[PDB]
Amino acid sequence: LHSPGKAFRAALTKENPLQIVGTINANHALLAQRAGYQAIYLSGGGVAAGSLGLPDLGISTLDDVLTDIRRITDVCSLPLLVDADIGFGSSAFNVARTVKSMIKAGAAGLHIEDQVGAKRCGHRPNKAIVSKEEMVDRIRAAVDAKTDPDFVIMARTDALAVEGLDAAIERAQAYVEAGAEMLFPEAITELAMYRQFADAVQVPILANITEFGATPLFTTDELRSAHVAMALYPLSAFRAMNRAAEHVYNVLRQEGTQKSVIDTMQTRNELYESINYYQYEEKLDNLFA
């Protein structure tokens, strides 16, 4: 039997600074695979904004995410790392079901963060985080729920923005000691900080190189020098895809024809090639006739 988790860990071994790109849907997972990537990502913010057209305010449910996990892993063999936010539910039972369901859906790993989420019905969108102790319990529940020993439980901390660097590092160490297998320090502002986390936990470090945020657009070489194990680009393709779609919609609405934007489109031939369209009639010939 195949273990996507094993595949993720193997990818980390063969690619210093393992590049992991977010894939908004199954089609883009195939594009990323054809582009040469060894691992892909399912952004929680992407499931919300892309699949549901909703803001990343914790409105998405576990099932909205599972559906996307199944769609991508049903057709793409690359190991998929999944954004599990805070475990979809406050109970250890909720965290456990999330872990087991994502593994069953085909995911190679997931990251769970220390954010609080909504504490009250009228609680405004926020970046507040739970105590170190609460997150350790969250992590313990997630690790204990692993049905595939090679599935990866990555812990993410958003403590930098609300507690500063030293506190974030201290939390990170407690998270790893609790069982976290990899560390994801969110919104790091300086390259040297990644190195500090690396020397502090002794486990693979992921750097979220998303755009328009607090983190600079560090190159793979810069991240390698800082001992970063993974380079994540969570919504990069999604952002470009949206601009391109918007432009088509506008031109079509403005001019009553798409003539002016044909040159910006993936061709029919390219689409077929991307979805291994020909591997289908080939299988038919191999099985019959």
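Quick note: we count residues from 1 along the sequence shown, nothing fancier.
Between 199-207 and 70-78 (mean CA B-factor, as deposited), the higher: The deposited B-factors put 199-207 ahead on the C-alpha mean.
Higher-scoring stretch by recorded Cα B factor average, 146-154 or 117-125: The stretch with the larger average C-alpha B-factor is 117-125.
Residue with highest C-alpha B-factor in the PDB entry, from 87, 164, 109, 106: The listed residue with the largest C-alpha B-factor is 164.
Residue 173 - Cα temperature factor, lowest/middle/highest third of chain: For residue 173, whose C-alpha B-factor we compare with every modelled residue in the chain, the answer is the highest third.
Cα B factor band for residue 220 (lowest, middle or highest third within the chain): As the PDB entry reports it, the C-alpha B-factor of residue 220 lands in the middle third of its chain.
B-factor third for the C-alpha atom of residue 18 within its chain: It falls in the middle third of the chain.
Residue 193 - Cα temperature factor, lowest/middle/highest third of chain: According to the entry, residue 193 has a C-alpha B-factor in the chain's highest third.
Record-listed C-alpha B factor of residue 133: chain third: It falls in the top third of the chain.
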